[PDB]
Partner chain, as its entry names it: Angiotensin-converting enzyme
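Just one chain is shown here, as structure tokens, and it is the form solved without its partner chain.
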């Protein structure tokens, strides 16, 4: 039975700090078919050749995705500094991963656009003298996710519950929507729970 990538093709992809995670087990995949639907600008594979990626057998296959402007590609690079790795998404390199940046063609209709691209500029607890920043663990959500989900309708809008404080930055989506996918694979327990279609 085939792995169904319909969910990422349907609806509006979330802001980066609230990325969507799809996990596939006990199914076969056709990654070429999924990727061919997008205009790929960048991609980067760690501990994989995309060939090995498109033809290997794993115990599970995880896909994280979110709306993301391609020109912010460097902030997603391994070892990068700044708000994106700090407060939004820090890639987990403990497993073979591939990061793909792509533009959604208008010919692809089921994907809808948000009004704004968005990311967190900070996530902290107030100390006594300054801010005690809280940084993303690899592959995990910001601890400011609950606050961030309150939404941002202006630039540098803040949210707090007393303890935590977050601040988001927003800007209009101009042109075709651009996205990021992080494909991750695991070699556990289950040898060939996930294999390439044939």
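Numbering follows the first chain given and starts at 1.
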When mean C-alpha B-factors in the record are compared for 119-127 and 99-107, the larger belongs to 119-127
The stretch carrying the higher mean Cα B factor in the deposited entry, 57-65 or 156-164, is 156-164
When the entry's CA B-factors for 146, 132, 136, 39 are compared, the highest one belongs to 132
Per the deposited entry, the peak Cα B-factor within the set 178, 186, 12, 18 goes to 186
Here the Cα B-factor of residue 43, set against its chain, lands in the third termed middle
Quick tally, chain-level thirds of C-alpha B-factors: residue 51 sits in the highest
So, residue 140's CA B-factor, relative to its chain, sits in which third? The lowest
In terms of its chain's C-alpha B-factors, the third that includes residue 8 is the lowest
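The protein also exists as the form deposited with its partner chain bound; that form is not presented, and the subsequent description refers to it.
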| message | in the bound PDB entry, does residue 108 come within 4.5 Å of its partner chain, counting heavy atoms only? | response | no
At 4.5 Å between heavy atoms, is residue 169 in contact with its partner chain in the bound PDB entry?
yes
Please determine whether residue 127 contacts its partner chain in the bound PDB entry, using a 4.5 Å cut-off between heavy atoms. yes
* Asked: Taking heavy atoms only, is residue 158 within 4.5 angstroms of its partner chain in the bound PDB entry?
  -> yes
Exactly one of 77, 116, 95, 121 comes within 4.5 Å of its partner chain in the bound PDB entry through a heavy atom, and that residue is 121
Here the chain appears without its partner; judged in the bound PDB entry, the stretch of 58-66, 149-157, 43-51, 26-34 with heavy atoms within 4.5 Å of its partner chain is 149-157
Looking in the bound PDB entry, the residues of 130-144 with a heavy atom no more than 4.5 Å from its partner chain, listed in order, are 130, 131, 133
